[PDB]
Every structure is written in C-alpha cells, then in structure tokens.
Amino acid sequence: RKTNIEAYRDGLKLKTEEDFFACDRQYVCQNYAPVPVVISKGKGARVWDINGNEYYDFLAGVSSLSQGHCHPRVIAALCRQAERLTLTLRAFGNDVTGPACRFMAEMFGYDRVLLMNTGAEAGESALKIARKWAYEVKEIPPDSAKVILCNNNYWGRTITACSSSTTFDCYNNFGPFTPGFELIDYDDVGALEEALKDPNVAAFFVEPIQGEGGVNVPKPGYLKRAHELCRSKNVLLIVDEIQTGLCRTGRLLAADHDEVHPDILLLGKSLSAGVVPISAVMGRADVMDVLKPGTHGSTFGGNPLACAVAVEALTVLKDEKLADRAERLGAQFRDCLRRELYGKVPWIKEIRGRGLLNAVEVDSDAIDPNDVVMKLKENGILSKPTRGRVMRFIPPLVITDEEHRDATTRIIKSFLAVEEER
C-alpha cells in the first residue's frame, strides 16, 4: 500500500539520477553543493542508489549512523512507540521522558539531562546555561559573560553559531553578530591560559577532536590540561561530543581518552542512530538548575518518540560493544593506510584520527582532492571531504570485519590509482 510520498514521487516520473538533480535545482533551497549519488536504501554499513549500485557509506551522517542504517532494534522501537504516543510537550507528563533521562543520566554520570532536537540547539542551550550560571552564581557583571572557543570550530548554523565561527562562508553577510566570544587556536594550552585571565569568562567550549574543522586531533593531554586551567578559574568546560561521542573514537566519550568528565556535555547525531533528531545537554545540578520554569523550552525536545529511539540506540552501542569495535577496526585502518600510502603517495599530508573517526588530508596544490572522491566512489566508497582537502572515513561502527577489510582494500586501491594517474 503506497504512502503519499511514494505515490507522489511515482507521478513525477523520475528515472535517472539527473532527473533527481534537476528536481533539487528547481525546488530545494540551493545551500548544499551538487551530489554524486541518489541513495534509495540503507542497511548497516551499506547503501544502494536508485539503480541498485551498492556502496559502503563512509560518511554515516558525519557519525549520526554509528548503529548502521535501519537498525532493526531501533526501527522496532520507533514503530512500537509511534503506535502509542509521540508528543505531549513538556507541559504535560508522560511515561517515557523521565525514564529516558534517568537512563542517560546514569549512563553518562550527570545529575540533569536537557533534551533538545538538533546539535545547534544543544550548543545554544549550553551557552544559555553557562551565561545564566555565570551571572547568577559567579556574579559576573550584567551582559559581560564571555565564552572562549576555538578557531575552525563548528557547532551549528544559528546566528549565534555564525557569530562565533571563523569560517567565512558560515558567517559572511549574516550579521550583526551576537557578542561575547573570544576565539583562540585549537590545541593550544598557552592561548587558553591567556584567555582565562579575563574574569568574565563563563565557559570554554571545545571539541575533543575538531569535526568539520578537519578531524583535528589535539596533542596528548590537551583536554586534561584545559580542564585543570578552567577549574582554576571557576570556568565551565563545555565539551561538544555531538560528532565525537558515543563510541565513535573507541571510547564512550572522546573526552574519556583524557579522563575528562565535561562540566557540560553535548550529545546528538548517533544518540538517535540517525532516525530522528534528538540532542542532549547534561550537567551537574548546581549548573543545570539555573534553567528555571519558563526560561527555556522546545516544542519537540524530549518528545516520547525520540526518547524511545534514543534509549534503544544507546543500548545498541553498549550491547554490540561498538566502542571496542571502533578501537580495533580503526587502529587497523590507520595502520594499513600508513603502511601502503605513506612514502608511496607523496601528496598525502597526514593520516589521522581516533577509533573510526579518520581522515586523510591531501595537499591540494599537488592533487585535485575531488579526483580522490570520485575514484573512491568508482570503487564503491561514498565519502564527503571537509575543507576540500580533508578526506573523511566515517563508517557505521557496525561494519563487519569482512566488510571493513573489503572497504580498506577499496580505499587503498583508490588512493594508489590516483597516484598512478598522476
């Protein structure tokens, strides 16, 4: 029995990928670049296009699909809960939202969980919490709160996010901007210490590995050292684990690699296994409780459907031991790429990452990075770079041993064929 999208789409008589591309240019706000594929279905680490070609998905929603496409447990949890109750608002109680927050609070070790919808909203929320806490508990002067963040950060596309970006296309022509941000180099403890001299600082807002910035892995101890500096000044450490969290780097949180318990933790993306948007902000009671009744809200935040989904998605990460999976396969991946590609392929600048969050930065003055992207696709690997030159390898963590060996060999083959063609 055809649902409305199916019947409608049928009537458009779209046969080729080009037919779909034309439909984007005509009707879809054109804020994303052209795409090389029209995906129709996904299962685990694999997707298929409209012509039945199979690929490994090496983007995975930039770590939103860690549990794989269409994970049966998560889809069942979705459909069962959807037959019962999807939305009450937080104006009314329900039998799911609190149990879901207790589940998360225990899993991550926080007193209070705020559920929002997108990663941007989690960042907005955290900044609001840190500002209000700074005014109310730190007693900094009215409208003086500052938040330190890093160059090449990414946390979203709200105006306030654009206001704290150093990426030209993120901010250009979108001002005037929200004040109150101090930008410093990533991976630079000395710069953080200098900025922490300002007593009106509320928080330092950081990624454990910069995501959209290029899979920038900081030096050993960066985050550990930053937390001590912040504690010294009674400044909150807000750690954005939207992309790095949830087993992706080989630990439950990327912050775990430094034994850092964030003062405020952000999650999103794979919190729902890519099924529906749900994000979370977690913290100790004497920070989070500054959000009194009426001072924050969201129509869909903490809706029971997304809660049911998230509990199942997080349980899958545990049950399937996906952190161990990510540690093991990712160390193998980087070891194979280094052995077969360094030396042999001179236009590779770096192979880096943790767990299954991996990147290969190329030198865009020695090669066209897009040739690498297209060659990957020809070998069945779908992959989207960041900043042009940073190739990304972010597969679902459920990828099997056999599938990962196959994908690894396809990836190596692609880089070597580009070098041969150069």
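Throughout, we count residues from 1 along the sequence that is shown.
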According to the deposited model, is the average Cα temperature factor higher in 184-192 or in 114-122? 184-192
Output the stretch having the higher mean C-alpha B factor in the entry; the candidates are 326-334 and 343-351. 343-351
So if I compare the CA B-factors in the entry for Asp263, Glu207, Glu312, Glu139, which one is the largest? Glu139
Would you please rank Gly42 by its C-alpha temperature factor against the other modelled residues of its chain and give the third it falls in: lowest, middle or highest? middle
Binned into thirds over the chain's modelled residues, the C-alpha B-factor of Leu357 lands in the lowest
So, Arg102's CA B-factor, relative to its chain, sits in which third? The middle
By its CA B factor, does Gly388 count among the lowest, middle or highest third of the modelled residues in the chain? highest
Among the chain's modelled residues, which third holds the C-alpha B-factor of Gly213? middle
